[PDB]
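S.K.: Mind having a look at this structure? Questions to follow.
Values in this text are rule-based calculations from the coordinates and carry no lab data. Here the Cβ positions follow ideal geometry from the backbone for every residue, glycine too, while neighbour counts run over all protein chains shown.
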Amino acid sequence: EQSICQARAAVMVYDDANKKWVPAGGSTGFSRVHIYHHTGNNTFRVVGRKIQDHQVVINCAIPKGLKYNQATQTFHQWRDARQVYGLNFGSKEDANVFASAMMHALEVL
Ligand SMILES: COC(=O)[C@H]1CC[C@@H]2C=C[C@H]3CCN(C(=O)[C@@H]4CC[C@H]5C=C[C@]6(CCCN6C(=O)[C@H](Cc6ccccc6Cl)NC(C)=O)C(=O)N54)[C@@H]3C(=O)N12
C-alpha cells in the first residue's frame, strides 16, 4: 500500500432518508484523506483519518469507471452502490491535490 496523496477534508456522507450531509464516522471535523495504491494488484482505495483522534472515517474502493464530481472548487463527491461521499476540503489546494490523484487513479485503472 503506497499513499499517492494526502489532503485535508471534512468527510461527509449523505443521509438519504433525511436529505442532508452528515459527518462520516459521527463527529464533525477535518481528516487527512489519502488515496492508497495497492501496487500488487493495481487497486486504489480512499482512506481518511480524523486529525484529532485518528478515527478511520472513510475506507472505500475506487472502482474502474467511477464518476468523480467536482461540484465546487472545495467540495467533491462520488457514489458507490451504498453511499454517497462528499469531501469538504480545507482549501482549494487540498481539493486540487486529491482530485489530481483521483483522476490519475481512474486513468490507470
Ligand atoms: C448544509 O448545507 C450543505 O449541505 C452544504 C454545505 C456542505 C456542502 C457544500 C457544498 C455544496 C455543493 C453542492 N452541495 C450539494 O449538497 C448538492 C446541492 C444539490 C444537492 C443534490 C444532490 C446531492 C446530494 C446527494 C448527491 N447529490 C448530487 O448532486 C449528486 C452529485 C453527483 C454527480 C455525479 C456523480 C456523482 C455524484 Cl455524487 N448527483 C447524483 C445524481 O448522484 C448534492 O450533492 N447536492 C453542497 C452543499 O449543499 N453543501
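S.K.: Given (1) free of Cβ contacts under 8 Å to residues at least 40 places away in the same chain; (2) under 19 Å from residue 6 (Cα atoms), identify the lone condition not met by residue 67.
M.R.: Residue 67 satisfies every listed condition except (2).
For every residue, the table says whether it meets (1) farther than 18 Å from residue 23 by Cα; (2) not in a loop (DSSP other than H, G, I, E, B).
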{"position": "41", "(1), (2)": "yes, no"}
{"position": "46", "(1), (2)": "no, yes"}
{"position": "64", "(1), (2)": "yes, no"}
{"position": "72", "(1), (2)": "yes, no"}
{"position": "100", "(1), (2)": "yes, yes"}
{"position": "103", "(1), (2)": "yes, yes"}
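Okay, residues lined up against (1) more than 24 Å from residue 100 (Cβ to Cβ); (2) crowded, with 16+ Cβ neighbours inside 10 Å:
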site	(1), (2)
2	no, no
7	no, yes
11	no, yes
17	yes, no
22	yes, no
26	yes, no
36	no, yes
39	no, no
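S.K.: Shifting gears a bit: Any idea which residue in region 74-84 is nearest to the chain's Cα centre (by Cα), counting only those that are within 16 Å of residue 20 (Cα to Cα) and in a loop (DSSP other than H, G, I, E, B)?
M.R.: In this case the residue turns out to be 83.
S.K.: Okay, next question. When you check residue 67 against the structure, is it surrounded by fewer than 18 Cβ atoms within 10 Å (Cβ to Cβ), within 24 Å of residue 93 (Cβ to Cβ) and among the basic types (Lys, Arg), yes or no?
M.R.: Taking the combined requirement at face value, the residue satisfies it.
S.K.: A follow-up question, please. Every residue in region 13-32 that is away from the ligand (no atom under 16 Å from the Cβ) and in a strand (DSSP E or B), please.
M.R.: 32, the sole residue that qualifies.
S.K.: State which residue is nearest to the ligand (Cβ to nearest atom) when the search covers only region 61-109 and only residues that are over 17 Å from residue 45 (Cβ atoms) and acidic (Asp, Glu).
M.R.: 94
S.K.: Of the residues in region 52-64, how many are touching a residue at least 40 places away in the same chain (Cβ under 8 Å) and under 15 Å from the mean Cα position of the chain (by Cα)?
M.R.: Here the count works out to 4.
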